[PDB]
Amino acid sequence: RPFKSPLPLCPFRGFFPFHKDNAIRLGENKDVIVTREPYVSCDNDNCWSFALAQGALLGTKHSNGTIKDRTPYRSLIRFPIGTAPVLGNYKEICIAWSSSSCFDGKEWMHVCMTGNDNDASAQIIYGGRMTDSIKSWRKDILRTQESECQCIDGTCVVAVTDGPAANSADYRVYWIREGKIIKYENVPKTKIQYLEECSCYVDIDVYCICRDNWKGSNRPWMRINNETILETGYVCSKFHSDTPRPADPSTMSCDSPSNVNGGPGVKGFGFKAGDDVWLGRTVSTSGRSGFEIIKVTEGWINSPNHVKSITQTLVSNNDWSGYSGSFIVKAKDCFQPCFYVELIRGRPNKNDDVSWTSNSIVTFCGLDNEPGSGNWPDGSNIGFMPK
């Protein structure tokens, strides 16, 4: 098997429903593992669901309080795409309360952070063997993407951060080849001010669209190759895509955060398309409910012509959403753009009267065809669930 190449994105004009796991509905009888921060990544044979498990089954007493982000009992797990994660189908990849995974064409790489907040380490797993590690250098929650990394010609690129969420953190990119760290770079801060939870894809180069958790309702981004960071900015679109954010239309800021509705943000994604941009976002401008994707004409560039040419509403605003991220699927000579949406149920969502916090997953892929319309929310009646 050859290493994955720097292919362009395939043509696309809309997104179509792919896999949906209905994990919460299916967990009513306590079979399903509690998770959050799911994502999808594919190898030569299959696409897979990944998520950070909580070391408990949904609805059991050990699931109470799983809103807590970091415990020693969290592992990155893998399970068949669109299935609910159960003890009979999951694989445990590594101990982790923050993770990223990607397939380089030959083998899987994983980046797994765990340990004390002030002294975490990232374990690099390659072909199932622990091959390298990163030591916390700022001693404040060493952490990574919570979605797939990207590999070009054998070199994998992954965003890694350490330092105070809310006090000037060090955002880095690491380059890793066959499980061995080659180099890192500190992300330039000339434009980007805050850069959490990058969602990345390949379109010749690696593009990452991330979360400014402090000052920007518009999303920061970077373009990277197998050698270096090439470009940075914020998405120009006057239609912002973080949560919270101002109502449409807002300000155009290509080089700085909007400086309004800046935090806390939510992990999200987008796809540059020529001078245009596709952006996922919650339907709500204030909370993690609903999900839509918009295409903004000339939204990647400084332009008077920003318009939402397409709006697909995929999860209604009467339903909970959560994180979202990009993944790619190799076509023949291009990469198809896809994404997942985390559908968070439980704490702290209003009226989800249970003690646990978990999610289900829904996914969509891009085609060069016109889409229809529908609604694919979590679908659980929370009143039916063990608390």
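We number the residues from 1 along the sequence you see.
Colleague: Which wins on mean Cα temperature factor, 309-317 or 95-103?
Modeller: Per the PDB record, 309-317.
Colleague: For the higher mean C-alpha B factor in the entry, choose 266-274 or 294-302.
Modeller: So the stretch with the higher mean C-alpha B-factor is 294-302.
Colleague: I'd like to know which of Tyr90, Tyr201, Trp137, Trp175 has the highest C-alpha temperature factor in the PDB entry.
Modeller: Comparing C-alpha B-factors across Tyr90, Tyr201, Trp137, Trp175, the top value belongs to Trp137.
Colleague: Just the C-alpha B-factor column, please: which of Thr131, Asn118, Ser121, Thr71 has the biggest number?
Modeller: The record points to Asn118.
Colleague: Should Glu231 be placed in the lowest, middle or highest third of its chain by the C-alpha B factor in the entry?
Modeller: Highest third of the chain for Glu231's C-alpha B-factor.
Colleague: Taking only the Cα B-factors deposited for this chain, tell me whether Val34 sits in the lowest, middle or highest third.
Modeller: Its C-alpha B-factor, which the entry lists for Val34, ranks in the lowest third among residues of this chain.
Colleague: State the tercile, meaning the lowest, middle or highest third, of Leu9 with respect to the CA B-factors recorded for its chain.
Modeller: Answer is middle: the recorded C-alpha B-factor places it there.
Colleague: Please place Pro244 in the lowest, middle or highest third of its chain according to the CA B-factor in the PDB entry.
Modeller: Its C-alpha B-factor, which the entry lists for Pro244, ranks in the highest third among residues of this chain.
Colleague: Classify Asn351 as lowest, middle or highest third according to the C-alpha B-factor given in the PDB entry, relative to its own chain.
Modeller: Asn351: CA B-factor falls in the highest third of its chain.
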